[PDB]
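coords-v9.pdb follows; it contains PDB, C-alpha atoms.
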ATOM      1  CA  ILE A  25      33.118 -20.564   4.710
ATOM      2  CA  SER A  26      36.012 -18.180   4.076
ATOM      3  CA  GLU A  27      35.853 -16.014   0.967
ATOM      4  CA  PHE A  28      39.629 -15.894   1.232
ATOM      5  CA  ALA A  29      39.783 -19.658   0.773
ATOM      6  CA  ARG A  30      37.017 -19.517  -1.833
ATOM      7  CA  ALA A  31      38.976 -16.961  -3.836
ATOM      8  CA  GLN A  32      42.224 -18.935  -3.807
ATOM      9  CA  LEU A  33      40.530 -21.967  -5.376
ATOM     10  CA  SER A  34      39.045 -19.326  -7.682
ATOM     11  CA  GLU A  35      42.473 -18.401  -8.943
ATOM     12  CA  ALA A  36      43.001 -22.075  -9.891
ATOM     13  CA  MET A  37      39.815 -22.312 -11.912
ATOM     14  CA  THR A  38      40.525 -19.147 -13.805
ATOM     15  CA  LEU A  39      44.120 -20.127 -14.634
ATOM     16  CA  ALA A  40      42.851 -23.531 -15.814
ATOM     17  CA  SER A  41      39.884 -22.056 -17.718
ATOM     18  CA  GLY A  42      42.575 -20.061 -19.470
ATOM     19  CA  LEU A  43      43.631 -23.217 -21.360
ATOM     20  CA  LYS A  44      40.281 -24.496 -22.679
ATOM     21  CA  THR A  45      40.660 -23.167 -26.224
ATOM     22  CA  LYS A  46      44.262 -24.437 -26.429
ATOM     23  CA  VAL A  47      43.426 -27.945 -25.213
ATOM     24  CA  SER A  48      40.139 -28.491 -27.061
ATOM     25  CA  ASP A  49      41.683 -27.201 -30.281
ATOM     26  CA  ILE A  50      44.430 -29.828 -30.250
ATOM     27  CA  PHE A  51      42.043 -32.626 -29.273
ATOM     28  CA  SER A  52      39.668 -32.054 -32.147
ATOM     29  CA  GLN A  53      42.393 -31.261 -34.687
ATOM     30  CA  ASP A  54      44.998 -33.927 -33.867
ATOM     31  CA  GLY A  55      42.877 -36.520 -31.989
ATOM     32  CA  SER A  56      44.928 -36.583 -28.764
ATOM     33  CA  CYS A  57      45.278 -34.812 -25.416
ATOM     34  CA  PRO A  58      48.301 -32.500 -24.989
ATOM     35  CA  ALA A  59      50.567 -32.841 -21.917
ATOM     36  CA  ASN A  60      52.776 -29.984 -20.753
ATOM     37  CA  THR A  61      55.352 -31.281 -18.216
ATOM     38  CA  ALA A  62      57.496 -29.812 -20.987
ATOM     39  CA  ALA A  63      56.336 -26.814 -23.028
ATOM     40  CA  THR A  64      54.505 -28.067 -26.088
ATOM     41  CA  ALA A  65      53.143 -26.588 -29.320
ATOM     42  CA  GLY A  66      51.725 -23.289 -28.110
ATOM     43  CA  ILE A  67      51.179 -24.255 -24.470
ATOM     44  CA  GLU A  68      53.439 -23.202 -21.598
ATOM     45  CA  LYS A  69      55.232 -25.473 -19.139
ATOM     46  CA  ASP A  70      52.916 -26.481 -16.256
ATOM     47  CA  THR A  71      55.271 -24.982 -13.643
ATOM     48  CA  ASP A  72      55.360 -21.838 -15.826
ATOM     49  CA  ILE A  73      51.549 -21.503 -15.573
ATOM     50  CA  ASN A  74      50.984 -19.947 -12.130
ATOM     51  CA  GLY A  75      49.895 -17.041  -9.957
ATOM     52  CA  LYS A  76      49.624 -15.943  -6.327
ATOM     53  CA  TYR A  77      48.004 -19.156  -5.199
ATOM     54  CA  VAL A  78      48.557 -21.667  -7.999
ATOM     55  CA  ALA A  79      51.869 -23.528  -8.247
ATOM     56  CA  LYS A  80      51.326 -25.148 -11.671
ATOM     57  CA  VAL A  81      48.738 -26.076 -14.270
ATOM     58  CA  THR A  82      49.216 -29.437 -16.012
ATOM     59  CA  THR A  83      47.412 -30.744 -19.086
ATOM     60  CA  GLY A  84      46.840 -34.364 -20.015
ATOM     61  CA  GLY A  85      44.276 -37.102 -19.687
ATOM     62  CA  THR A  86      43.324 -40.053 -21.903
ATOM     63  CA  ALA A  87      41.532 -39.402 -25.243
ATOM     64  CA  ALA A  88      37.957 -40.667 -25.551
ATOM     65  CA  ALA A  89      34.936 -40.377 -27.844
ATOM     66  CA  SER A  90      33.517 -37.361 -25.974
ATOM     67  CA  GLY A  91      36.840 -35.940 -24.750
ATOM     68  CA  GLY A  92      38.661 -36.782 -21.542
ATOM     69  CA  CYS A  93      41.563 -34.330 -21.731
ATOM     70  CA  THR A  94      42.334 -32.915 -18.309
ATOM     71  CA  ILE A  95      43.464 -29.549 -17.002
ATOM     72  CA  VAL A  96      44.820 -29.877 -13.475
ATOM     73  CA  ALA A  97      45.835 -26.860 -11.422
ATOM     74  CA  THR A  98      47.960 -27.615  -8.323
ATOM     75  CA  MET A  99      47.822 -25.308  -5.329
ATOM     76  CA  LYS A 100      51.001 -24.011  -3.674
ATOM     77  CA  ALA A 101      52.338 -25.741  -0.512
ATOM     78  CA  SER A 102      52.425 -22.436   1.366
ATOM     79  CA  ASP A 103      50.850 -18.997   1.626
ATOM     80  CA  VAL A 104      47.567 -20.684   1.045
ATOM     81  CA  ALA A 105      44.666 -21.654   3.285
ATOM     82  CA  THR A 106      45.907 -24.672   5.223
ATOM     83  CA  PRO A 107      43.358 -27.245   3.961
ATOM     84  CA  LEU A 108      44.044 -26.271   0.347
ATOM     85  CA  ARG A 109      47.794 -26.721   0.450
ATOM     86  CA  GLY A 110      48.980 -28.964  -2.361
ATOM     87  CA  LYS A 111      45.420 -29.850  -3.375
ATOM     88  CA  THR A 112      44.258 -29.901  -6.998
ATOM     89  CA  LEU A 113      41.234 -28.861  -9.026
ATOM     90  CA  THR A 114      40.490 -30.595 -12.316
ATOM     91  CA  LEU A 115      38.636 -29.554 -15.505
ATOM     92  CA  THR A 116      37.626 -32.368 -17.903
ATOM     93  CA  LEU A 117      36.548 -31.903 -21.547
ATOM     94  CA  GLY A 118      33.242 -33.595 -22.507
ATOM     95  CA  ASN A 119      30.352 -33.630 -25.011
ATOM     96  CA  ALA A 120      32.999 -33.466 -27.754
ATOM     97  CA  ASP A 121      30.721 -35.767 -29.753
ATOM     98  CA  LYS A 122      27.455 -33.934 -29.043
ATOM     99  CA  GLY A 123      27.816 -30.210 -29.726
ATOM    100  CA  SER A 124      29.209 -27.440 -27.532
ATOM    101  CA  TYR A 125      32.205 -28.517 -25.446
ATOM    102  CA  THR A 126      31.595 -29.089 -21.758
ATOM    103  CA  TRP A 127      34.146 -28.888 -18.972
ATOM    104  CA  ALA A 128      33.164 -30.612 -15.718
ATOM    105  CA  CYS A 129      34.888 -29.334 -12.576
ATOM    106  CA  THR A 130      36.226 -31.643  -9.846
ATOM    107  CA  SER A 131      38.661 -31.264  -6.925
ATOM    108  CA  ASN A 132      40.505 -33.291  -4.301
ATOM    109  CA  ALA A 133      39.847 -30.566  -1.704
ATOM    110  CA  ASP A 134      36.961 -30.209   0.811
ATOM    111  CA  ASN A 135      33.610 -29.328  -0.866
ATOM    112  CA  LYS A 136      33.207 -26.641   1.804
ATOM    113  CA  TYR A 137      35.755 -24.602  -0.124
ATOM    114  CA  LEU A 138      34.445 -25.274  -3.597
ATOM    115  CA  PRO A 139      31.866 -23.697  -5.860
ATOM    116  CA  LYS A 140      28.594 -25.644  -6.104
ATOM    117  CA  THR A 141      29.640 -26.718  -9.592
ATOM    118  CA  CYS A 142      32.887 -28.257  -8.340
ATOM    119  CA  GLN A 143      31.383 -30.259  -5.456
ATOM    120  CA  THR A 144      30.877 -34.018  -5.085
ATOM    121  CA  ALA A 145      27.515 -35.657  -4.261
ATOM    122  CA  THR A 146      26.865 -37.755  -1.144
ATOM    123  CA  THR A 147      23.822 -39.885  -0.432
ATOM    124  CA  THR A 148      22.670 -42.752   1.809
ATOM    125  CA  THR A 149      22.214 -46.358   0.601
ATOM    126  CA  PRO A 150      20.048 -49.369   1.525
TER     127      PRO A 150
ATOM    128  CA  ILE B  25      30.468  -6.921   6.658
ATOM    129  CA  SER B  26      33.110  -8.614   4.565
ATOM    130  CA  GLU B  27      36.714  -8.903   5.678
ATOM    131  CA  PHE B  28      37.298  -9.971   2.079
ATOM    132  CA  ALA B  29      36.029  -6.610   0.816
ATOM    133  CA  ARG B  30      38.089  -4.835   3.504
ATOM    134  CA  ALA B  31      41.124  -6.701   2.184
ATOM    135  CA  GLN B  32      40.537  -5.377  -1.336
ATOM    136  CA  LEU B  33      40.720  -1.704  -0.234
ATOM    137  CA  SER B  34      43.747  -2.497   1.859
ATOM    138  CA  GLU B  35      45.567  -3.468  -1.314
ATOM    139  CA  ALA B  36      44.858   0.014  -2.764
ATOM    140  CA  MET B  37      46.141   1.659   0.393
ATOM    141  CA  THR B  38      49.356  -0.428   0.304
ATOM    142  CA  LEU B  39      50.005   0.227  -3.390
ATOM    143  CA  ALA B  40      49.303   3.915  -3.018
ATOM    144  CA  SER B  41      51.461   3.959   0.063
ATOM    145  CA  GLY B  42      54.472   2.582  -1.828
ATOM    146  CA  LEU B  43      54.719   5.853  -3.778
ATOM    147  CA  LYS B  44      54.759   8.163  -0.791
ATOM    148  CA  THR B  45      58.500   8.637  -0.512
ATOM    149  CA  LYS B  46      58.912   9.287  -4.236
ATOM    150  CA  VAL B  47      56.105  11.883  -4.497
ATOM    151  CA  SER B  48      57.445  13.396  -1.297
ATOM    152  CA  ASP B  49      60.914  13.556  -2.788
ATOM    153  CA  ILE B  50      59.590  15.529  -5.760
ATOM    154  CA  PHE B  51      57.641  18.098  -3.726
ATOM    155  CA  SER B  52      60.645  18.652  -1.466
ATOM    156  CA  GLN B  53      62.969  18.889  -4.481
ATOM    157  CA  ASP B  54      60.968  20.944  -6.983
ATOM    158  CA  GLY B  55      58.070  22.551  -5.105
ATOM    159  CA  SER B  56      55.900  20.694  -7.600
ATOM    160  CA  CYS B  57      53.372  17.888  -7.872
ATOM    161  CA  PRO B  58      54.251  15.171 -10.410
ATOM    162  CA  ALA B  59      51.503  13.824 -12.726
ATOM    163  CA  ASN B  60      51.870  10.195 -13.894
ATOM    164  CA  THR B  61      49.222  10.044 -16.627
ATOM    165  CA  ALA B  62      52.218   8.877 -18.622
ATOM    166  CA  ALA B  63      55.453   7.625 -16.968
ATOM    167  CA  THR B  64      57.547  10.580 -15.686
ATOM    168  CA  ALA B  65      60.918  10.868 -13.892
ATOM    169  CA  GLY B  66      61.076   7.934 -11.495
ATOM    170  CA  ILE B  67      57.416   6.927 -11.518
ATOM    171  CA  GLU B  68      55.580   4.433 -13.773
ATOM    172  CA  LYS B  69      52.437   5.352 -15.715
ATOM    173  CA  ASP B  70      49.381   5.052 -13.433
ATOM    174  CA  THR B  71      47.947   1.935 -15.085
ATOM    175  CA  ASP B  72      51.342   0.175 -14.860
ATOM    176  CA  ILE B  73      50.943   0.342 -11.092
ATOM    177  CA  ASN B  74      48.273  -2.160 -10.208
ATOM    178  CA  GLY B  75      47.483  -5.369  -8.319
ATOM    179  CA  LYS B  76      44.854  -8.105  -8.088
ATOM    180  CA  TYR B  77      42.031  -5.691  -7.241
ATOM    181  CA  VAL B  78      43.618  -2.343  -8.193
ATOM    182  CA  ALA B  79      43.626  -0.952 -11.765
ATOM    183  CA  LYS B  80      45.822   2.147 -11.465
ATOM    184  CA  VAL B  81      47.580   4.533  -9.120
ATOM    185  CA  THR B  82      47.819   8.164 -10.355
ATOM    186  CA  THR B  83      49.750  11.092  -8.869
ATOM    187  CA  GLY B  84      48.618  14.722  -9.213
ATOM    188  CA  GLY B  85      46.978  17.345  -7.016
ATOM    189  CA  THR B  86      47.400  21.081  -6.623
ATOM    190  CA  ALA B  87      50.552  22.475  -5.028
ATOM    191  CA  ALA B  88      50.535  24.914  -2.127
ATOM    192  CA  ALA B  89      52.654  25.987   0.858
ATOM    193  CA  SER B  90      51.377  23.037   2.873
ATOM    194  CA  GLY B  91      51.810  20.414   0.138
ATOM    195  CA  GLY B  92      48.631  19.307  -1.637
ATOM    196  CA  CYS B  93      50.006  16.457  -3.737
ATOM    197  CA  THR B  94      47.627  13.474  -4.230
ATOM    198  CA  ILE B  95      48.234   9.768  -4.894
ATOM    199  CA  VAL B  96      44.900   8.208  -5.951
ATOM    200  CA  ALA B  97      44.218   4.474  -6.320
ATOM    201  CA  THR B  98      41.385   3.347  -8.635
ATOM    202  CA  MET B  99      39.842  -0.112  -8.107
ATOM    203  CA  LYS B 100      39.142  -2.390 -11.068
ATOM    204  CA  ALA B 101      35.625  -2.180 -12.520
ATOM    205  CA  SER B 102      35.212  -5.945 -12.010
ATOM    206  CA  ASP B 103      36.651  -9.000 -10.229
ATOM    207  CA  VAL B 104      36.362  -6.844  -7.123
ATOM    208  CA  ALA B 105      33.558  -6.509  -4.591
ATOM    209  CA  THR B 106      30.671  -4.732  -6.341
ATOM    210  CA  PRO B 107      30.340  -1.873  -3.813
ATOM    211  CA  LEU B 108      34.051  -1.123  -4.403
ATOM    212  CA  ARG B 109      33.932  -1.275  -8.151
ATOM    213  CA  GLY B 110      35.741   1.725  -9.615
ATOM    214  CA  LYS B 111      35.882   3.458  -6.258
ATOM    215  CA  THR B 112      38.946   5.449  -5.294
ATOM    216  CA  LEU B 113      41.254   5.886  -2.321
ATOM    217  CA  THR B 114      43.356   9.020  -2.002
ATOM    218  CA  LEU B 115      46.527   9.903  -0.084
ATOM    219  CA  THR B 116      47.104  13.676   0.278
ATOM    220  CA  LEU B 117      50.272  15.512   1.365
ATOM    221  CA  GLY B 118      50.124  18.137   4.131
ATOM    222  CA  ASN B 119      51.839  19.889   7.028
ATOM    223  CA  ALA B 120      54.717  20.743   4.688
ATOM    224  CA  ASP B 121      54.955  24.306   6.005
ATOM    225  CA  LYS B 122      54.430  23.523   9.695
ATOM    226  CA  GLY B 123      56.445  20.338  10.430
ATOM    227  CA  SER B 124      56.877  16.654   9.478
ATOM    228  CA  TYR B 125      55.137  15.770   6.217
ATOM    229  CA  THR B 126      51.824  13.990   6.830
ATOM    230  CA  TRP B 127      49.540  11.934   4.597
ATOM    231  CA  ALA B 128      45.779  12.026   5.250
ATOM    232  CA  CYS B 129      43.680   9.158   3.783
ATOM    233  CA  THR B 130      40.270   9.767   2.150
ATOM    234  CA  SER B 131      38.008   7.606  -0.066
ATOM    235  CA  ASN B 132      34.682   7.706  -1.927
ATOM    236  CA  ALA B 133      33.830   4.143  -0.898
ATOM    237  CA  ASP B 134      31.506   3.382   2.027
ATOM    238  CA  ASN B 135      32.990   3.761   5.533
ATOM    239  CA  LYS B 136      32.042   0.170   6.408
ATOM    240  CA  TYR B 137      34.896  -0.972   4.134
ATOM    241  CA  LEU B 138      37.598   1.408   5.337
ATOM    242  CA  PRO B 139      40.289   1.542   8.014
ATOM    243  CA  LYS B 140      39.496   4.043  10.770
ATOM    244  CA  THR B 141      42.158   6.539   9.662
ATOM    245  CA  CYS B 142      40.384   6.732   6.255
ATOM    246  CA  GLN B 143      36.689   7.181   7.236
ATOM    247  CA  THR B 144      34.690  10.391   6.927
ATOM    248  CA  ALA B 145      32.581  11.733   9.828
ATOM    249  CA  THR B 146      28.881  12.644   9.984
ATOM    250  CA  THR B 147      27.321  14.742  12.763
ATOM    251  CA  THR B 148      23.905  16.249  13.436
ATOM    252  CA  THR B 149      22.861  19.933  13.203
ATOM    253  CA  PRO B 150      20.285  22.450  14.467
TER     254      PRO B 150
END
Let me see the file written as C-alpha cells.
Amino acid sequence: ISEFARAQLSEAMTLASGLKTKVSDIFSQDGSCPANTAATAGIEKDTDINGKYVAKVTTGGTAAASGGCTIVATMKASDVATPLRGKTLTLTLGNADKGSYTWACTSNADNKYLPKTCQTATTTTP
Amino acid sequence: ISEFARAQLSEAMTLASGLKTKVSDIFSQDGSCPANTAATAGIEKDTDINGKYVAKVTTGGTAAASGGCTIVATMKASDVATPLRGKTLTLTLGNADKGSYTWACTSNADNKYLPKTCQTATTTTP
C-alpha cells in the first residue's frame, strides 16, 4: 500500500482536524452544527479550505444529544492517486454528552488506503 | 527503502535548484556570495523558501576564484521521514575559473535516500 496514497488522505485528515475546535465550540455554545458552503462566523468557505490534495472541506451534519456535526474533506479530481479521486473522508463529533469530545473517522474510499482508525469492519454472518 | 522518503529529499533538491540562476547571477556580477539569513537583493529570507517537507533554503559559502557559493536546504524537524529530520542538502558552485559554472550536490543524509549525483563514496585502505 502506497505511502504516496496514504499521505494524500493524510492531508485531508489534517485539514479537517484543523476545524475541530471551531465546530465543537459552536455546537456546545449555540446548540447547532455550522455549515460552510458560504463562509460563516469565523469559519472559511469549504472551497477556500484546501491544499495540494484536498479540494474542499465542508462542515455540517444534524445536531444530536452526543454531537453529530460533520467535517467532510473532498479530494481533488486530479493530481491525486486514481482511486482517491473525488472521494471523501469524514470526521464526526461524539461523546458530547459524556466528557471529552470524540471524533470518529470514516471514508468512502478503499480501506487499503486508510489509517486503521478510518477503516470499516467486515465479518461473515449465519 | 522508501520511494516516499526519496521523494522528500527530491523536494529539497528542486527548491534549492530554483535559486541557482540567482546566486549565480550575484557571483558573476559582484564576485561575492549572498547570504539570505534575512531577505537580501532579489532573494527571500531562507525560512520564506520552503515546501511540504522543507523548512528553509539558505545561501552563503566562502568565495574563491572557482566559486564556492552554497545553497543549503534544511528539512523540517517533523512531518518528514525520521531519518531525514533536520538533515541538509547542499548545492555548491564551482568551475568558475576554468569553464561553465557547475553545481555539485552533497548531503548529510544517508546515501540510501539520495540521487546518484548526490551520494558520497567509501573505499577501502591498506
What are the coordinates of chain B as a compact mmCIF listing (two decimals) with C-alpha atoms, keeping the file's coordinate frame following a least-squares fit to chain A on all in-order C-alpha atoms?
# COMPACT_ATOMS: atom_id res chain seq x y z
CA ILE B 25 33.94 -20.58 6.30
CA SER B 26 36.51 -18.34 4.70
CA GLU B 27 35.76 -16.25 1.63
CA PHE B 28 39.53 -15.77 1.55
CA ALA B 29 40.05 -19.52 1.14
CA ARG B 30 37.26 -19.61 -1.47
CA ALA B 31 39.13 -16.88 -3.34
CA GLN B 32 42.29 -19.00 -3.47
CA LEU B 33 40.56 -21.90 -5.29
CA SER B 34 38.89 -19.43 -7.59
CA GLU B 35 42.32 -18.40 -8.81
CA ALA B 36 43.05 -22.04 -9.79
CA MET B 37 39.76 -22.27 -11.64
CA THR B 38 40.48 -19.02 -13.55
CA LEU B 39 44.03 -20.04 -14.47
CA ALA B 40 42.94 -23.49 -15.52
CA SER B 41 40.08 -21.95 -17.42
CA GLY B 42 42.43 -19.78 -19.50
CA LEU B 43 43.76 -22.90 -21.24
CA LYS B 44 40.41 -24.30 -22.29
CA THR B 45 40.35 -22.98 -25.83
CA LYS B 46 43.91 -24.10 -26.54
CA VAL B 47 43.47 -27.68 -25.23
CA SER B 48 40.16 -27.76 -27.07
CA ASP B 49 41.87 -26.64 -30.25
CA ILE B 50 44.32 -29.54 -30.01
CA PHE B 51 41.70 -32.25 -29.42
CA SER B 52 39.62 -30.93 -32.31
CA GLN B 53 42.72 -30.70 -34.53
CA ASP B 54 44.63 -33.88 -33.72
CA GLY B 55 42.27 -36.21 -31.84
CA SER B 56 44.88 -36.06 -29.10
CA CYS B 57 45.46 -34.81 -25.57
CA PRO B 58 48.51 -32.55 -25.15
CA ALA B 59 50.81 -33.07 -22.12
CA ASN B 60 52.65 -29.98 -20.81
CA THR B 61 55.15 -31.58 -18.42
CA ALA B 62 57.55 -29.61 -20.58
CA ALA B 63 56.42 -26.74 -22.87
CA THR B 64 54.79 -28.12 -26.06
CA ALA B 65 53.24 -26.50 -29.17
CA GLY B 66 51.44 -23.40 -27.94
CA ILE B 67 51.36 -24.17 -24.23
CA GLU B 68 53.88 -23.27 -21.49
CA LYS B 69 55.37 -25.87 -19.13
CA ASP B 70 52.94 -26.52 -16.25
CA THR B 71 55.02 -24.78 -13.57
CA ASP B 72 55.39 -21.68 -15.79
CA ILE B 73 51.63 -21.25 -15.46
CA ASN B 74 51.01 -20.09 -11.93
CA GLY B 75 49.69 -17.28 -9.74
CA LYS B 76 49.75 -16.03 -6.15
CA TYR B 77 48.26 -19.23 -4.73
CA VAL B 78 48.70 -21.62 -7.68
CA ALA B 79 51.95 -23.54 -8.37
CA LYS B 80 51.26 -25.20 -11.73
CA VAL B 81 48.67 -26.02 -14.35
CA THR B 82 49.23 -29.32 -16.23
CA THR B 83 47.39 -30.71 -19.27
CA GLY B 84 46.98 -34.45 -19.92
CA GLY B 85 44.21 -37.03 -19.62
CA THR B 86 43.18 -40.02 -21.70
CA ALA B 87 41.61 -39.50 -25.12
CA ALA B 88 38.32 -41.06 -26.18
CA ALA B 89 35.37 -40.45 -28.51
CA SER B 90 33.83 -38.05 -26.01
CA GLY B 91 37.03 -36.11 -25.23
CA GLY B 92 38.71 -36.93 -21.92
CA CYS B 93 41.40 -34.25 -21.87
CA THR B 94 42.24 -32.81 -18.40
CA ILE B 95 43.62 -29.45 -17.26
CA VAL B 96 44.68 -29.79 -13.60
CA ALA B 97 45.67 -26.92 -11.29
CA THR B 98 47.92 -27.67 -8.29
CA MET B 99 47.91 -25.24 -5.33
CA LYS B 100 51.17 -24.16 -3.71
CA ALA B 101 52.28 -26.21 -0.69
CA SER B 102 52.43 -23.02 1.39
CA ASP B 103 51.36 -19.36 1.53
CA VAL B 104 47.90 -20.75 0.84
CA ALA B 105 45.14 -21.79 3.22
CA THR B 106 46.30 -24.98 4.96
CA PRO B 107 43.27 -27.12 3.98
CA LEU B 108 44.01 -26.23 0.33
CA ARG B 109 47.70 -26.89 0.46
CA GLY B 110 48.73 -28.99 -2.54
CA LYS B 111 45.13 -29.76 -3.41
CA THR B 112 44.06 -29.93 -7.03
CA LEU B 113 41.25 -28.68 -9.25
CA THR B 114 40.54 -30.41 -12.54
CA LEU B 115 38.75 -29.37 -15.74
CA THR B 116 37.75 -32.33 -17.97
CA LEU B 117 36.60 -32.29 -21.61
CA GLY B 118 33.40 -34.09 -22.64
CA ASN B 119 30.37 -34.27 -24.93
CA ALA B 120 32.74 -34.19 -27.91
CA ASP B 121 30.81 -36.92 -29.73
CA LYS B 122 27.30 -35.74 -28.86
CA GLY B 123 27.32 -31.92 -29.19
CA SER B 124 28.96 -28.70 -27.91
CA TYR B 125 32.18 -29.36 -26.00
CA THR B 126 31.64 -29.18 -22.23
CA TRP B 127 34.03 -28.86 -19.29
CA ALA B 128 33.07 -30.49 -15.98
CA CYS B 129 34.87 -29.23 -12.82
CA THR B 130 36.08 -31.62 -10.08
CA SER B 131 38.47 -31.19 -7.11
CA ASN B 132 40.01 -33.14 -4.22
CA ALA B 133 39.59 -30.21 -1.83
CA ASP B 134 36.68 -30.01 0.63
CA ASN B 135 33.29 -28.98 -0.82
CA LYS B 136 33.02 -26.10 1.67
CA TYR B 137 35.68 -24.28 -0.38
CA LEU B 138 34.28 -24.90 -3.86
CA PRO B 139 31.85 -23.28 -6.28
CA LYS B 140 28.62 -25.26 -6.67
CA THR B 141 29.46 -26.46 -10.20
CA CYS B 142 32.63 -28.10 -8.75
CA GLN B 143 31.29 -29.96 -5.65
CA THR B 144 30.85 -33.71 -5.34
CA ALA B 145 27.59 -35.25 -4.04
CA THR B 146 26.98 -37.67 -1.16
CA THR B 147 23.75 -39.65 -0.69
CA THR B 148 22.54 -42.36 1.68
CA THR B 149 22.01 -46.09 0.92
CA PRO B 150 20.11 -49.18 2.09
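Here is the contact set of chain A against chain B, at 9 Å and counting only C-alpha atoms: residues 26, 27 and 28 of chain A.
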Practice problem: Show me as a PyMOL selection string the residues that reach within 8 Å of (35.8, -37.8, -22.8), counting all atoms listed in the file and using the file's own coordinates. | Solution: chain A and resi 86-93+116-120
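Rounded to one decimal, atom CA of residue B:57 and atom CA of residue B:85 lie 6.5 Å from each other.
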| field | Ground truth for the PyMOL selection byres ((chain A and resi 98-103) around 7), written as a list in words | value |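 Selected by the PyMOL selection byres ((chain A and resi 98-103) around 7) in this file: residues 77, 78, 79, 80, 81, 96, 97, 104, 105, 108, 109, 110, 111, 112 and 113 of chain A.
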d(atom CA of residue A:143, atom CA of residue A:42) in Å:
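Taking atom CA of residue A:143 and atom CA of residue A:42, their separation equals 20.6 Å.
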Identify all residues satisfying the PyMOL selection byres ((chain B and resi 114) around 6) in the given file; provide them as a PDB file with C-alpha atoms, keeping the file's coordinate frame.
ATOM      1  CA  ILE B  95      48.234   9.768  -4.894  1.00  0.00           C
ATOM      2  CA  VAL B  96      44.900   8.208  -5.951  1.00  0.00           C
ATOM      3  CA  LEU B 113      41.254   5.886  -2.321  1.00  0.00           C
ATOM      4  CA  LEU B 115      46.527   9.903  -0.084  1.00  0.00           C
ATOM      5  CA  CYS B 129      43.680   9.158   3.783  1.00  0.00           C
ATOM      6  CA  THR B 130      40.270   9.767   2.150  1.00  0.00           C
ATOM      7  CA  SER B 131      38.008   7.606  -0.066  1.00  0.00           C
TER       8      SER B 131
END
message: Please enumerate the residues selected by the PyMOL selection byres ((chain A and resi 135) around 12) when evaluated against the supplied file, formatted as a list in words.
response: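 Checking the PyMOL selection byres ((chain A and resi 135) around 12) against this file, the residues are residues 25, 29, 30, 33, 107, 108, 113, 129, 130, 131, 132, 133, 134, 136, 137, 138, 139, 140, 141, 142, 143, 144, 145 and 146 of chain A.
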